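*Asks:* I'd like to ask you about the structure that follows.
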Amino acid sequence: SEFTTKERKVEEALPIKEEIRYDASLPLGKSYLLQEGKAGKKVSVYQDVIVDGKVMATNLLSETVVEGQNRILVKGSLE
Amino acid sequence: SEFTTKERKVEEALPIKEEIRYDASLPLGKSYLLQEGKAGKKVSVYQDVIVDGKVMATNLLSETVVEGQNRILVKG
Amino acid sequence: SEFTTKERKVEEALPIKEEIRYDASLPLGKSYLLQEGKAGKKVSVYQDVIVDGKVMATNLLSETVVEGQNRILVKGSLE
Amino acid sequence: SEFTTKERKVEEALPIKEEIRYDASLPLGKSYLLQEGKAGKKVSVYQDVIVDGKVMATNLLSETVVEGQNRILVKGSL
Amino acid sequence: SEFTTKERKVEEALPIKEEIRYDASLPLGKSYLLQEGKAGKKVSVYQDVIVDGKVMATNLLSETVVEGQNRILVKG
Amino acid sequence: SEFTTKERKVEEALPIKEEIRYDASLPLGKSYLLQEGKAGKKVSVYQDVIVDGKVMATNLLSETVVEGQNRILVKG
């Protein structure tokens, strides 16, 4: 039987990193977010082998990890 | 040891559907793009069980399919 | 005339899935619910085109399947 | 001089515990929240003895500490 | 693989609290039992993560100490 | 003074992944090469913060690993 190949890209969102920053200006229990931050990214490129319309196997071609944007939490205390 | 859990969202682009239409008013051999396709996507959210910094298992939580638009080609 | 658009989500409850487990400590003919379980749902997001106060067309934007929580039945015999 | 007995359930939120970790690769003076943290709870069951409408005494039947979750923070280090 | 959870309960007897009163001016050297004293019990509730039919990790959900009674002893 | 940033690309060869497949068939202390290895390629993009013309520090912005080819040997 013959075969064919096709590439697939799968994106996994990385956990948002949250920075806790201290600001002496804020009261004791007062805190706000400086920025919401965007999730980082883990992109994998795969290659599938197709035999009779079925993926018979797959190889991982590459894996790229891109840092995201931090979520910044600003509070009036230093932990 | 102890364990924690976390959410994991994974996106997969779906193969674009391509319809082929025909037009006699058009010379055979000619092909026009009546509609550029748009790839839909499959978004999966999983729940990973983390032990000692390592994911030891995962359960599917939800599976979403964002539709997308068919590619349409007219051939004389 | 002019038009407006609006999104609406439709939720269809999914049949609860029930798992049957064997408990050697249970007497024959005796069983109990270990987990009532919850129904999964199929959520579809649609977009409507409204003309003069009446839906004139709709597109299916998304189709999601949210897994439910299994109903767990434990009994003192093995089916 | 006859008596009756009564039970009471008392609850109070426990303070979230916070662990501090260090990472050499992280910039000194920068902190990242690893785990939010959730408050535990202490549930106490007491028993009172009532004589002539007043509580003459009370015993502690049980004490349950419903475990919460630690707050985990990582700090950059040299 | 997928995972599942399960809750375990575990009872453990606690040491018996000791108490020592002191008199009626009893011949210093002798002693009488004032109270039998029973052990208190700690009840721990755990939740195990199961993967491929094996507990891979466990967390403590709660800890209950059911108070006992002291063994009171009167010494002269 | 003020500061600016610049990004730098760095590529590295990854240590070849060694795979050993045993076979009770073939004799003692004998080994055959099933597949030659090929190193994976790691491409990291860094961001340098520059003050007064000099790099004071640098952060990692993205890391790509282009999988290689395992070297497979039959032992046993």
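Chain labels run A, B, ... following the order of the structure tokens; each chain numbers its residues from 1, and ligands are numbered from 1 in the order shown.
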Can you state the RMSD, in Å, between chain F and chain B once they are superposed by least squares on every Cα paired in order?

*Replies:*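 After superposition, the RMSD is 1.7 Å.
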
*Asks:* Could you tell me which residues of chain F sit within 12 Å of chain D when counting only C-alpha atoms, and give me the result as an MDAnalysis selection string?

*Replies:* chainID F and resid 57:60

*Asks:* Taking only C-alpha atoms into account and nothing else, which residues of chain C lie no more than 12 Å away from chain E? Please answer as a PyMOL selection string.

*Replies:* chain C and resi 34-35+69-70+72

*Asks:* Can you list, as a ChimeraX atom specification, every residue of chain D that DSSP puts in strand (DSSP E)?

*Replies:* /D:3-13,18-28,31-35,41-51,54-66,71-76

*Asks:* Fewer than 5 positions away in the same chain doesn't count, so skip those; otherwise give me all residues within 10 Å of residue 68 in chain E, counting only C-alpha atoms, as an MDAnalysis selection string.

*Replies:* (chainID D and resid 60:62) or (chainID E and resid 13:17 37:41)

*Asks:* With only C-alpha atoms as the counted atoms, please give the residues lying no more than 10 Å from residue 54 in chain C, apart from itself and same-chain residues fewer than 4 positions off, as a VMD selection string.

*Replies:* chain C and resid 3 to 4 48 to 50

*Asks:* Could you please select, counting only C-alpha atoms, the residues of chain B within 10 Å of chain E and state them as JSON, numbers by chain?

*Replies:* {"B": [1, 2, 3, 4, 47, 48, 49, 50, 51, 52, 56, 57, 58, 59, 60]}

*Asks:* Hey, can you spit out that residue selection with N, CA, C and O atoms as a PDB file, in the first residue's frame?

*Replies:*
```pdb
ATOM      1  N   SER B   1       3.887  11.154  47.029  1.00  0.00           N
ATOM      2  CA  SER B   1       3.998  12.585  47.422  1.00  0.00           C
ATOM      3  C   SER B   1       2.633  13.241  47.243  1.00  0.00           C
ATOM      4  O   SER B   1       1.620  12.553  47.077  1.00  0.00           O
ATOM      5  N   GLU B   2       2.604  14.567  47.291  1.00  0.00           N
ATOM      6  CA  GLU B   2       1.353  15.286  47.105  1.00  0.00           C
ATOM      7  C   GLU B   2       1.211  15.585  45.618  1.00  0.00           C
ATOM      8  O   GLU B   2       2.130  15.331  44.834  1.00  0.00           O
ATOM      9  N   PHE B   3       0.063  16.123  45.227  1.00  0.00           N
ATOM     10  CA  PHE B   3      -0.172  16.437  43.828  1.00  0.00           C
ATOM     11  C   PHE B   3      -1.039  17.670  43.668  1.00  0.00           C
ATOM     12  O   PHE B   3      -1.824  18.009  44.548  1.00  0.00           O
ATOM     13  N   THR B   4      -0.878  18.350  42.543  1.00  0.00           N
ATOM     14  CA  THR B   4      -1.680  19.523  42.246  1.00  0.00           C
ATOM     15  C   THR B   4      -2.229  19.268  40.858  1.00  0.00           C
ATOM     16  O   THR B   4      -1.838  18.302  40.202  1.00  0.00           O
ATOM     17  N   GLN B  47      -6.831  18.650  31.967  1.00  0.00           N
ATOM     18  CA  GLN B  47      -6.504  18.862  33.355  1.00  0.00           C
ATOM     19  C   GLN B  47      -5.354  17.904  33.643  1.00  0.00           C
ATOM     20  O   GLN B  47      -5.510  16.680  33.525  1.00  0.00           O
ATOM     21  N   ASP B  48      -4.191  18.461  33.973  1.00  0.00           N
ATOM     22  CA  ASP B  48      -3.019  17.644  34.275  1.00  0.00           C
ATOM     23  C   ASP B  48      -2.825  17.436  35.776  1.00  0.00           C
ATOM     24  O   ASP B  48      -3.009  18.361  36.569  1.00  0.00           O
ATOM     25  N   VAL B  49      -2.471  16.216  36.170  1.00  0.00           N
ATOM     26  CA  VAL B  49      -2.181  15.951  37.573  1.00  0.00           C
ATOM     27  C   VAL B  49      -0.659  16.045  37.657  1.00  0.00           C
ATOM     28  O   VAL B  49       0.049  15.287  36.995  1.00  0.00           O
ATOM     29  N   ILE B  50      -0.173  16.998  38.450  1.00  0.00           N
ATOM     30  CA  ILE B  50       1.257  17.243  38.625  1.00  0.00           C
ATOM     31  C   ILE B  50       1.831  16.631  39.908  1.00  0.00           C
ATOM     32  O   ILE B  50       1.362  16.931  41.006  1.00  0.00           O
ATOM     33  N   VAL B  51       2.863  15.803  39.767  1.00  0.00           N
ATOM     34  CA  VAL B  51       3.522  15.190  40.919  1.00  0.00           C
ATOM     35  C   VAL B  51       5.027  15.401  40.816  1.00  0.00           C
ATOM     36  O   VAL B  51       5.653  15.014  39.826  1.00  0.00           O
ATOM     37  N   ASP B  52       5.599  16.026  41.842  1.00  0.00           N
ATOM     38  CA  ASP B  52       7.031  16.312  41.884  1.00  0.00           C
ATOM     39  C   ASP B  52       7.484  17.041  40.632  1.00  0.00           C
ATOM     40  O   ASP B  52       8.494  16.684  40.032  1.00  0.00           O
ATOM     41  N   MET B  56       1.856  13.554  35.509  1.00  0.00           N
ATOM     42  CA  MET B  56       1.768  12.101  35.542  1.00  0.00           C
ATOM     43  C   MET B  56       0.531  11.563  34.859  1.00  0.00           C
ATOM     44  O   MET B  56       0.381  10.356  34.708  1.00  0.00           O
ATOM     45  N   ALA B  57      -0.362  12.458  34.455  1.00  0.00           N
ATOM     46  CA  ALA B  57      -1.596  12.045  33.802  1.00  0.00           C
ATOM     47  C   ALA B  57      -2.418  13.264  33.418  1.00  0.00           C
ATOM     48  O   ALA B  57      -2.128  14.386  33.836  1.00  0.00           O
ATOM     49  N   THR B  58      -3.456  13.037  32.626  1.00  0.00           N
ATOM     50  CA  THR B  58      -4.293  14.122  32.171  1.00  0.00           C
ATOM     51  C   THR B  58      -5.669  13.659  31.745  1.00  0.00           C
ATOM     52  O   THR B  58      -5.826  12.591  31.168  1.00  0.00           O
ATOM     53  N   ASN B  59      -6.670  14.470  32.058  1.00  0.00           N
ATOM     54  CA  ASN B  59      -8.046  14.165  31.687  1.00  0.00           C
ATOM     55  C   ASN B  59      -8.553  15.244  30.741  1.00  0.00           C
ATOM     56  O   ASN B  59      -8.205  16.418  30.872  1.00  0.00           O
ATOM     57  N   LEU B  60      -9.370  14.842  29.776  1.00  0.00           N
ATOM     58  CA  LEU B  60      -9.930  15.803  28.838  1.00  0.00           C
ATOM     59  C   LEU B  60     -11.063  16.509  29.574  1.00  0.00           C
ATOM     60  O   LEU B  60     -11.863  15.875  30.254  1.00  0.00           O
TER      61      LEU B  60
END
```

*Asks:* Would you list the contacts of residue 35 in chain D as a ChimeraX atom specification, taking every protein, DNA or RNA residue within 7 Å and counting only C-alpha atoms, but skipping same-chain residues closer than 5 positions in sequence?

*Replies:* /D:71-73

*Asks:* Which residues are close to residue 14 in chain A, i.e. within 10 Å by only C-alpha atoms, leaving aside same-chain residues fewer than 4 positions away? Reply as a list in words.

*Replies:*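 Result of the neighbour search: residues 38, 39, 40, 41, 42, 65, 66, 67 and 68 of chain A; 7, 8, 9 and 10 of chain B.
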
*Asks:* Could you tell me which residues of chain A sit within 6 Å of chain D when counting only C-alpha atoms, and give me the result as a list in words?

*Replies:*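 My answer is residues 18, 19 and 20 of chain A.
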
*Asks:* Write out as a list in words the residues lying within 6 Å of residue 47 in chain A, counting only C-alpha atoms and excluding same-chain residues fewer than 5 positions away.

*Replies:* residues 6, 7, 58 and 59 of chain A

*Asks:* What gap, in Å, lies between CA of residue 46 in chain C and CA of residue 63 in chain C?

*Replies:* 9.1 Å
